[PDB]
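Source file: entry-v9.pdb (PDB, C-alpha atoms)
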```pdb
ATOM      1  CA  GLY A2294      77.924  82.108  93.720
ATOM      2  CA  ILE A2295      75.549  82.360  96.649
ATOM      3  CA  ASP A2296      75.495  78.678  97.566
ATOM      4  CA  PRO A2297      74.129  77.427 100.901
ATOM      5  CA  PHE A2298      77.258  75.393 101.585
ATOM      6  CA  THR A2299      80.069  77.752 100.514
ATOM      7  CA  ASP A2300      81.504  75.043  98.278
ATOM      8  CA  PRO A2301      85.341  75.151  98.027
ATOM      9  CA  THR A2302      85.148  75.447  94.259
ATOM     10  CA  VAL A2303      82.995  78.554  94.636
ATOM     11  CA  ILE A2304      85.508  79.882  97.150
ATOM     12  CA  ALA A2305      88.093  79.643  94.373
ATOM     13  CA  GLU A2306      85.875  81.634  92.005
ATOM     14  CA  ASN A2307      85.936  84.575  94.421
ATOM     15  CA  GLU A2308      89.714  84.339  94.594
ATOM     16  CA  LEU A2309      89.936  84.211  90.801
ATOM     17  CA  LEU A2310      87.828  87.368  90.524
ATOM     18  CA  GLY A2311      90.127  88.951  93.086
ATOM     19  CA  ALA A2312      93.124  87.964  90.985
ATOM     20  CA  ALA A2313      91.372  89.212  87.853
ATOM     21  CA  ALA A2314      90.706  92.582  89.479
ATOM     22  CA  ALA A2315      94.377  92.787  90.457
ATOM     23  CA  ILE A2316      95.510  91.965  86.917
ATOM     24  CA  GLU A2317      93.009  94.378  85.347
ATOM     25  CA  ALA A2318      94.312  97.112  87.652
ATOM     26  CA  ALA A2319      97.829  96.492  86.356
ATOM     27  CA  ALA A2320      96.318  96.403  82.868
ATOM     28  CA  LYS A2321      94.782  99.775  83.664
ATOM     29  CA  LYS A2322      98.121 101.209  84.762
ATOM     30  CA  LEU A2323      99.545  99.802  81.520
ATOM     31  CA  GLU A2324      97.138 102.027  79.596
ATOM     32  CA  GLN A2325      98.246 104.959  81.754
ATOM     33  CA  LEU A2326     101.768 104.551  80.378
ATOM     34  CA  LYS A2327     102.785 107.275  77.958
ATOM     35  CA  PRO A2328     105.505 106.103  75.517
ATOM     36  CA  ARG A2329     108.549 108.143  74.531
ATOM     37  CA  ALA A2330     106.776 109.624  71.534
ATOM     38  CA  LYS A2331     107.173 113.282  70.688
ATOM     39  CA  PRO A2332     106.851 115.201  67.393
ATOM     40  CA  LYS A2333     110.565 115.927  67.262
ATOM     41  CA  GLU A2334     113.587 115.048  65.161
ATOM     42  CA  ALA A2335     113.782 111.391  66.134
ATOM     43  CA  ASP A2336     113.687 109.269  63.001
ATOM     44  CA  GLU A2337     114.828 105.940  64.384
ATOM     45  CA  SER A2338     113.660 102.335  64.435
ATOM     46  CA  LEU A2339     112.922 102.857  68.096
ATOM     47  CA  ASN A2340     109.172 102.602  68.556
ATOM     48  CA  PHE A2341     110.089 100.097  71.236
ATOM     49  CA  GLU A2342     107.937 101.781  73.877
ATOM     50  CA  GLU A2343     104.928 101.547  71.557
ATOM     51  CA  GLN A2344     105.651  97.971  70.477
ATOM     52  CA  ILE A2345     105.832  97.117  74.163
ATOM     53  CA  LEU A2346     102.741  99.166  75.000
ATOM     54  CA  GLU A2347     100.570  97.244  72.522
ATOM     55  CA  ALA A2348     101.927  93.858  73.517
ATOM     56  CA  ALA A2349     101.666  94.652  77.227
ATOM     57  CA  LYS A2350      97.984  95.319  76.601
ATOM     58  CA  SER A2351      97.681  92.196  74.443
ATOM     59  CA  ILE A2352      98.950  90.202  77.437
ATOM     60  CA  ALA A2353      96.912  92.262  79.893
ATOM     61  CA  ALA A2354      93.715  91.646  77.929
ATOM     62  CA  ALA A2355      94.503  87.974  77.342
ATOM     63  CA  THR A2356      95.648  87.272  80.891
ATOM     64  CA  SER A2357      92.560  88.861  82.408
ATOM     65  CA  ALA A2358      90.422  86.916  79.942
ATOM     66  CA  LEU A2359      92.288  83.754  80.897
ATOM     67  CA  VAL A2360      91.680  84.022  84.651
ATOM     68  CA  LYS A2361      88.017  84.841  83.949
ATOM     69  CA  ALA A2362      87.889  81.797  81.667
ATOM     70  CA  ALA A2363      89.429  79.608  84.367
ATOM     71  CA  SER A2364      86.666  80.758  86.696
ATOM     72  CA  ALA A2365      84.197  80.018  83.893
ATOM     73  CA  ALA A2366      85.483  76.492  83.226
ATOM     74  CA  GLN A2367      85.619  75.834  86.958
ATOM     75  CA  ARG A2368      82.129  77.275  87.501
ATOM     76  CA  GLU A2369      80.756  75.013  84.759
ATOM     77  CA  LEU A2370      82.005  72.012  86.716
ATOM     78  CA  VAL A2371      80.489  73.475  89.874
ATOM     79  CA  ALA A2372      77.047  73.979  88.331
ATOM     80  CA  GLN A2373      77.040  70.452  86.901
ATOM     81  CA  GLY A2374      78.491  68.985  90.076
ATOM     82  CA  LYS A2375      81.251  67.122  88.252
ATOM     83  CA  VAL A2376      84.286  68.584  90.009
ATOM     84  CA  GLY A2377      83.713  67.998  93.678
ATOM     85  CA  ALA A2378      81.821  71.182  94.464
ATOM     86  CA  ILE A2379      80.618  69.737  97.761
ATOM     87  CA  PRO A2380      82.307  70.336 101.179
ATOM     88  CA  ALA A2381      81.727  66.624 101.933
ATOM     89  CA  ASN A2382      84.052  65.879  98.998
ATOM     90  CA  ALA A2383      86.167  68.999  99.374
ATOM     91  CA  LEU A2384      89.181  66.864 100.245
ATOM     92  CA  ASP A2385      89.524  66.202  96.506
ATOM     93  CA  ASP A2386      88.330  69.537  95.104
ATOM     94  CA  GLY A2387      90.028  71.611  97.778
ATOM     95  CA  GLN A2388      93.383  70.495  96.425
ATOM     96  CA  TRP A2389      92.286  71.370  92.904
ATOM     97  CA  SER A2390      90.798  74.641  94.115
ATOM     98  CA  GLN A2391      93.930  75.637  96.050
ATOM     99  CA  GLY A2392      96.014  74.398  93.135
ATOM    100  CA  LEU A2393      94.106  76.611  90.717
ATOM    101  CA  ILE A2394      94.139  79.460  93.240
ATOM    102  CA  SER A2395      97.886  79.252  93.887
ATOM    103  CA  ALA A2396      98.567  79.026  90.156
ATOM    104  CA  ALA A2397      96.352  82.075  89.631
ATOM    105  CA  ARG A2398      98.434  84.069  92.124
ATOM    106  CA  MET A2399     101.442  82.773  90.233
ATOM    107  CA  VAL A2400     100.137  84.107  86.926
ATOM    108  CA  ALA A2401      98.966  87.250  88.715
ATOM    109  CA  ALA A2402     102.435  87.907  90.097
ATOM    110  CA  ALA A2403     104.185  86.983  86.855
ATOM    111  CA  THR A2404     101.882  89.104  84.695
ATOM    112  CA  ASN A2405     102.169  91.885  87.292
ATOM    113  CA  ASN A2406     105.958  91.725  87.233
ATOM    114  CA  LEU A2407     105.819  91.966  83.457
ATOM    115  CA  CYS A2408     103.700  95.079  83.926
ATOM    116  CA  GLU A2409     106.565  96.502  85.990
ATOM    117  CA  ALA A2410     109.129  95.439  83.389
ATOM    118  CA  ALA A2411     107.028  97.027  80.654
ATOM    119  CA  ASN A2412     106.573 100.057  82.913
ATOM    120  CA  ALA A2413     110.321 100.616  82.758
ATOM    121  CA  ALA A2414     110.501 100.020  79.004
ATOM    122  CA  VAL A2415     107.753 102.500  78.074
ATOM    123  CA  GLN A2416     109.263 105.187  80.276
ATOM    124  CA  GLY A2417     112.793 104.906  78.920
ATOM    125  CA  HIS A2418     114.490 102.332  81.125
ATOM    126  CA  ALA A2419     114.736  99.679  78.427
ATOM    127  CA  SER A2420     115.650  96.443  80.150
ATOM    128  CA  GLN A2421     115.552  93.645  77.620
ATOM    129  CA  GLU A2422     116.777  91.106  80.167
ATOM    130  CA  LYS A2423     114.066  91.961  82.701
ATOM    131  CA  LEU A2424     111.388  92.238  80.039
ATOM    132  CA  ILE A2425     112.166  88.991  78.208
ATOM    133  CA  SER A2426     112.774  86.969  81.371
ATOM    134  CA  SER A2427     109.515  88.142  82.934
ATOM    135  CA  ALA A2428     107.640  87.560  79.668
ATOM    136  CA  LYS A2429     108.798  83.958  79.581
ATOM    137  CA  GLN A2430     107.722  83.655  83.199
ATOM    138  CA  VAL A2431     104.348  85.192  82.394
ATOM    139  CA  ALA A2432     103.773  82.868  79.475
ATOM    140  CA  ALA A2433     104.924  79.833  81.452
ATOM    141  CA  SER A2434     103.000  80.650  84.621
ATOM    142  CA  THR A2435      99.838  81.766  82.848
ATOM    143  CA  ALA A2436      99.765  78.929  80.323
ATOM    144  CA  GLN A2437     100.234  76.525  83.242
ATOM    145  CA  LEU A2438      97.064  77.960  84.775
ATOM    146  CA  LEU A2439      95.396  76.304  81.787
ATOM    147  CA  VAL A2440      97.069  73.023  82.712
ATOM    148  CA  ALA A2441      95.338  73.280  86.084
ATOM    149  CA  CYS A2442      92.007  73.781  84.315
ATOM    150  CA  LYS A2443      92.790  70.766  82.111
ATOM    151  CA  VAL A2444      92.416  68.923  85.396
ATOM    152  CA  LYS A2445      88.801  68.065  86.270
ATOM    153  CA  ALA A2446      87.453  70.012  83.275
ATOM    154  CA  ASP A2447      86.891  68.768  79.741
ATOM    155  CA  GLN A2448      88.862  70.439  76.964
ATOM    156  CA  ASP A2449      86.070  70.602  74.372
ATOM    157  CA  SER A2450      83.902  72.707  76.691
ATOM    158  CA  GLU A2451      83.211  76.220  75.384
ATOM    159  CA  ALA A2452      84.376  77.719  78.668
ATOM    160  CA  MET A2453      87.588  75.758  78.159
ATOM    161  CA  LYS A2454      87.626  76.709  74.487
ATOM    162  CA  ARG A2455      87.863  80.358  75.490
ATOM    163  CA  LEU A2456      90.258  79.372  78.273
ATOM    164  CA  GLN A2457      92.666  77.546  75.952
ATOM    165  CA  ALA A2458      92.687  80.364  73.397
ATOM    166  CA  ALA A2459      93.289  83.031  76.046
ATOM    167  CA  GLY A2460      96.226  81.156  77.555
ATOM    168  CA  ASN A2461      97.667  80.594  74.099
ATOM    169  CA  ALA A2462      97.405  84.326  73.469
ATOM    170  CA  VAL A2463      99.481  84.959  76.615
ATOM    171  CA  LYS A2464     102.340  82.827  75.299
ATOM    172  CA  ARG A2465     101.983  84.310  71.827
ATOM    173  CA  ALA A2466     101.915  87.881  73.113
ATOM    174  CA  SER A2467     104.821  87.207  75.472
ATOM    175  CA  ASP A2468     106.808  85.781  72.546
ATOM    176  CA  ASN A2469     106.087  88.936  70.568
ATOM    177  CA  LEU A2470     107.071  91.024  73.587
ATOM    178  CA  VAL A2471     110.323  89.063  73.744
ATOM    179  CA  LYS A2472     110.837  89.534  70.004
ATOM    180  CA  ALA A2473     110.253  93.285  70.336
ATOM    181  CA  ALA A2474     112.619  93.480  73.315
ATOM    182  CA  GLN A2475     115.300  91.917  71.125
ATOM    183  CA  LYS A2476     114.893  94.910  68.793
ATOM    184  CA  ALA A2477     115.925  97.279  71.579
ATOM    185  CA  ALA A2478     118.940  95.180  72.392
ATOM    186  CA  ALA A2479     122.301  94.795  70.692
ATOM    187  CA  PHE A2480     122.953  91.068  70.469
ATOM    188  CA  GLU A2481     125.080  90.625  67.392
ATOM    189  CA  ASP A2482     125.079  86.924  66.606
TER     190      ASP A2482
END
```
As structure tokens, the full file:
Amino acid sequence: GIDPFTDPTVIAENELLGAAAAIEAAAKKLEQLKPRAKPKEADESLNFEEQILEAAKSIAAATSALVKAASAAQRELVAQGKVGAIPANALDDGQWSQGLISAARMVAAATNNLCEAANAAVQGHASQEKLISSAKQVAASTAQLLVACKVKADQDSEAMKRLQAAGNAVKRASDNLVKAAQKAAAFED
């Protein structure tokens, strides 16, 4: 945090928190989404908006937990001094830091775009193509953020334990979101 050398790895932590805040804000907007649910004569199998609402939050919660876990795993390496958390060796860590940082903005954008895709779905503009495509991008981008943490960090670390599970949840939730999107689409095969 407040280190006397502004180590590049710590610089990344700040960026990860910034990304987290951005994701959690989208997650917040996700909770502000009112589904097409009214006490009227609408007995259909179309609770799509709700099935998306839950899963959007499942991603939102998992994604935010993931980026915070990345920061955690990274920070563990910083505290121990096993990553390159020294400006004099920043040539090595800086490329890991920027790699993690860029990947985080990748997951941030992907997960944010999914928020926009879900935003349409909940409100009535059901776009299975947009939703599924973005979900696969979310899962791929976000789960790859774990791959970046697999670099430098050890997998059996508890910070990584939480990290791995959170990233897995993104893929799992995105799958479910895809599955649910398929329900609101007519693909007779």
Practice task
Apply the PyMOL selection byres ((chain A and resi 2350) around 10) to the file shown and report the selected residues as an NGL selection string.
Solution key: :A and (2319-2321 or 2323-2324 or 2345-2349 or 2351-2356 or 2408 or 2466)
For the residues in the current selection, export C-alpha atoms as an mmCIF file, in the frame of the given file.
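Printed below is out.cif as written:
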```cif
data_model
loop_
_atom_site.group_PDB
_atom_site.id
_atom_site.type_symbol
_atom_site.label_atom_id
_atom_site.label_comp_id
_atom_site.auth_asym_id
_atom_site.auth_seq_id
_atom_site.Cartn_x
_atom_site.Cartn_y
_atom_site.Cartn_z
ATOM 1 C CA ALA A 2319 97.829 96.492 86.356
ATOM 2 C CA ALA A 2320 96.318 96.403 82.868
ATOM 3 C CA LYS A 2321 94.782 99.775 83.664
ATOM 4 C CA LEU A 2323 99.545 99.802 81.520
ATOM 5 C CA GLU A 2324 97.138 102.027 79.596
ATOM 6 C CA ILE A 2345 105.832 97.117 74.163
ATOM 7 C CA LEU A 2346 102.741 99.166 75.000
ATOM 8 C CA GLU A 2347 100.570 97.244 72.522
ATOM 9 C CA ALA A 2348 101.927 93.858 73.517
ATOM 10 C CA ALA A 2349 101.666 94.652 77.227
ATOM 11 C CA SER A 2351 97.681 92.196 74.443
ATOM 12 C CA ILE A 2352 98.950 90.202 77.437
ATOM 13 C CA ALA A 2353 96.912 92.262 79.893
ATOM 14 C CA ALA A 2354 93.715 91.646 77.929
ATOM 15 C CA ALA A 2355 94.503 87.974 77.342
ATOM 16 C CA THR A 2356 95.648 87.272 80.891
ATOM 17 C CA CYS A 2408 103.700 95.079 83.926
ATOM 18 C CA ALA A 2466 101.915 87.881 73.113
#
```
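Of the listed residues (A:2301, A:2417, A:2460, A:2311), A:2301 comes nearest to residue 2386 of chain A; the distances count all atoms listed in the file.
Residues matched by the PyMOL selection byres ((chain A and resi 2451) around 12) in this file are residues 2362, 2363, 2365, 2366, 2367, 2369, 2446, 2447, 2448, 2449, 2450, 2452, 2453, 2454, 2455, 2456, 2457 and 2458 of chain A.
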Problem - Contacts of residue 2403 of chain A within 7 Å, only C-alpha atoms, excl. fewer than 2 positions in-chain, as number ranges by chain - result: A: 2399-2401, 2405-2407, 2427, 2430-2431, 2434
Completion exercise
From the list A:2394, A:2413, A:2305, A:2339, the nearest residue to residue 2441 of chain A using only C-alpha atoms is A:2394
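The coordinates place atom CA of residue 2410 of chain A at 6.1 Å from atom CA of residue 2423 of chain A.
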Step by step: start from the point (94.0, 90.2, 86.2) in the file's coordinates, keep every protein, DNA or RNA residue that has an atom no farther than 7 Å from it, count only C-alpha atoms, and write the set as an mmCIF file with C-alpha atoms, keeping the file's coordinate frame.
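Result written to out-v6.cif:
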```cif
data_model
loop_
_atom_site.group_PDB
_atom_site.id
_atom_site.type_symbol
_atom_site.label_atom_id
_atom_site.label_comp_id
_atom_site.auth_asym_id
_atom_site.auth_seq_id
_atom_site.Cartn_x
_atom_site.Cartn_y
_atom_site.Cartn_z
ATOM 1 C CA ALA A 2312 93.124 87.964 90.985
ATOM 2 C CA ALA A 2313 91.372 89.212 87.853
ATOM 3 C CA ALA A 2314 90.706 92.582 89.479
ATOM 4 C CA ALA A 2315 94.377 92.787 90.457
ATOM 5 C CA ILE A 2316 95.510 91.965 86.917
ATOM 6 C CA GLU A 2317 93.009 94.378 85.347
ATOM 7 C CA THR A 2356 95.648 87.272 80.891
ATOM 8 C CA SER A 2357 92.560 88.861 82.408
ATOM 9 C CA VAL A 2360 91.680 84.022 84.651
ATOM 10 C CA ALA A 2401 98.966 87.250 88.715
#
```
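With atom CA of residue 2475 of chain A on one side and atom CA of residue 2344 of chain A on the other, the separation reads 11.4 Å.
Straight-line separation from atom CA of residue 2464 of chain A to atom CA of residue 2424 of chain A: 13.9 Å.
With all atoms listed in the file as the basis for measurement, A:2300 is the residue among A:2336, A:2342, A:2409, A:2300 that approaches residue 2383 of chain A most closely.
Evaluated against this file, the PyMOL selection byres ((chain A and resi 2471) around 8) yields residues 2421, 2424, 2425, 2428, 2429, 2467, 2468, 2469, 2470, 2472, 2473, 2474 and 2475 of chain A.
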Report, as AutoDock Vina command-line options, the centre and edge lengths in Å (one decimal) of the axis-aligned box enclosing every listed atom of segment 2312-2320 of chain A, padded by 6 Å on each side.
```
--center_x 94.3 --center_y 92.5 --center_z 86.9 --size_x 19.1 --size_y 21.1 --size_z 20.1
```
